[PDB]
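# Architecture and fold: a report
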Amino acid sequence: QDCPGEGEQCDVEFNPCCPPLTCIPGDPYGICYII
């Protein structure tokens, strides 16, 4: 699959942040932020 990068939109359906990034807010949609 093709996962998003840092600074992209991540949804709680099938498009989450696979690399070392988190989904914020992510309720339901979020963004891939670095922590």
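Counting of residues restarts from 1 for each chain and follows the sequence as written, so the numbers need not equal those of the entry; residues with no coordinates are not shown. The basis for every side-chain value is the complete set of heavy atoms in the structure, and neither hydrogens nor water enter the calculation. Residues with missing side-chain atoms are left out of burial classes, side-chain pairs and their counts.

Looking at the entry header, you'll see solution NMR listed as the method.

### Some words on the overall build of the protein
Helix numbering and strand numbering both begin at the N terminus, where a helix is a DSSP run of H or I of at least 4 residues and a strand a DSSP run of E of at least 2. Secondary structure assignment for the protein yields zero helices and three strands. Listed N to C, the secondary structure of the protein is β-β-β in terms of helices and strands. For the protein, the spread of C-alpha atoms along the principal axes amounts to about 25 × 20 × 10 Å. When contacts within the protein are restricted to residue pairs at least 6 apart in sequence, long-range pairs at least 24 apart make up 13% of them. Any two residues whose heavy atoms approach within 4.5 Å are treated as being in contact.

### Notes on the sheet that holds strand β2 (residues 22–25)
Taken in spatial order, the three strands of this open sheet run β1-β3-β2, and their pairing is antiparallel. The sheet is open, and its two borders are formed by β1 (9–11) and β2, each paired with just one other strand. The mean inter-strand angle of the sheet, taken between neighbouring strand axes irrespective of direction, is 50°. As paired strands, β1 and strand β3 (residues 29–33) are joined by three bridges and run antiparallel to one another. Here a strand pair is declared whenever DSSP counts at least two bridges between the two strands. All axes are obtained by fitting lines to C-alpha atoms, using only the stretch in contact for helices, and the reported angles, taken between N-to-C directions, cover 0 to 180 degrees.

### Here we look at the state of the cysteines
Any pair of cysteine sulfurs within 2.5 Å is marked as a disulfide. Counted according to the given criterion, the structure contains three disulfides. Each sulfur of the disulfide joining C3 and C18 lies 2.0 Å from the other. An S-S torsion of about -60° defines the bridge between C3 and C18 as left-handed. Taken together, the residues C3 in the segment before β1 and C18 in the loop between β1 and β2 connect sequence positions 15 residues apart. Exposure categories follow from relative accessible area, calculated using a 1.4 Å probe and restricted to protein chains: below 20% of the type maximum is buried, above 50% is exposed, and the middle band is partly exposed. Exposure remark for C3: the relative accessible area of 39% places this residue in the partly exposed category. The disulfide bridge from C17 ends at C32, spanning 2.0 Å between sulfur atoms. Looking down the S-S bond of the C17 and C32 bridge, the torsion is -95°, so its handedness is left-handed. Here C17, found in the loop between β1 and β2, pairs with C32, found in strand β3; they are 15 residues apart in sequence, far enough to count as distant.

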